[PDB]
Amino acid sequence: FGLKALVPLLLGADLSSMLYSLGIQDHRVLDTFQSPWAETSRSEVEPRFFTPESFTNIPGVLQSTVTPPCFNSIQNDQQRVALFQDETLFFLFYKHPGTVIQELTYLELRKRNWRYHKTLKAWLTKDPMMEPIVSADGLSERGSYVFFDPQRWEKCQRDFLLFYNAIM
C-alpha cells in the first residue's frame, strides 16, 4: 500500500511555448505540420492546394506573345516593368537574384529616386519633409529616409547617417 500510494517523489512541461510553436481561434495546424520536432522544423512546407485549370495558360499577359510571360530582355522589358508599383519591383528584386528582372527593377527603382544600400541590402529613399546635411568630409550625409523592410512589407522612416560609398 506504500506503492498504491501517497508517497510520490519530487512528468510535467509548460506546453505554452510548444503550442505557440505549432499554429496555436479554431485553426488546423496539421496540414502545414513541418516535423514532429522543433529543432528540425526549420522551414514552412507547401500544403495541399487547388489550382483550377483557368489559373494556367493565361495568354497575353501585358501583351506577351508567349505563355507564360517571361522577362528576358533588358532593352524591351522596361516598358512592362515601368507599369509596376514600387512594392512589386521590391518583390521581384528580392525574388530573382542574378536575372534580367532583378536588373530591370534595380534600374526602375533607381529612376524613382530609390537608392540601394549595399551592406544592409535594403532600399531607402529621401523623406521629402527634411533636407539632408552633408558631413564636413563629404563622405556622408545626415538626413531623414524611408527604408523598405521586405519581411514586414512596410516603409519605415528613420533619421540616418548615410555613407555614400554604401549606396548604389
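Note that residue numbering begins at 1 and tracks the sequence as displayed.
Just how many deposited residues go unmodelled from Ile24 to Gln25: none, 1 to 3, 4 to 9, or 10 or more? Going from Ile24 to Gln25, the model skips 4 to 9 residues of the deposited sequence.
If the chain runs straight from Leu10 to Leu11, say none; otherwise bin the unmodelled deposited residues as 1 to 3, 4 to 9, or 10 or more. In the record, 10 or more residues between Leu10 and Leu11 lack coordinates.
For the higher mean C-alpha B factor in the entry, choose 11-19 or 152-160. In the deposited entry, the stretch with the higher C-alpha B-factor mean is 11-19.
Tell me which of 134-142 and 103-111 has the higher mean C-alpha B-factor in the deposited entry. Mean CA B-factor is higher for 134-142.
Out of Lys121, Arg28, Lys126, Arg48, which shows the largest CA B-factor listed in the entry? It is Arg28.
Where does the C-alpha B-factor of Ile167 rank in its chain, lowest, middle or highest third? Middle third - that is where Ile167 ends up once the chain's C-alpha B-factors are sorted.
Using the B-factors in the PDB entry, rank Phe33's C-alpha atom against the chain and give the third, lowest, middle or highest. According to the entry, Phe33 has a C-alpha B-factor in the chain's middle third.
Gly60: which third of its chain by C-alpha temperature factor? CA B-factor rank for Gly60: middle third.
Lowest, middle or highest third: where is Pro69 by Cα B-factor in its chain? For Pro69, the deposited C-alpha B-factor lands in the lowest third.
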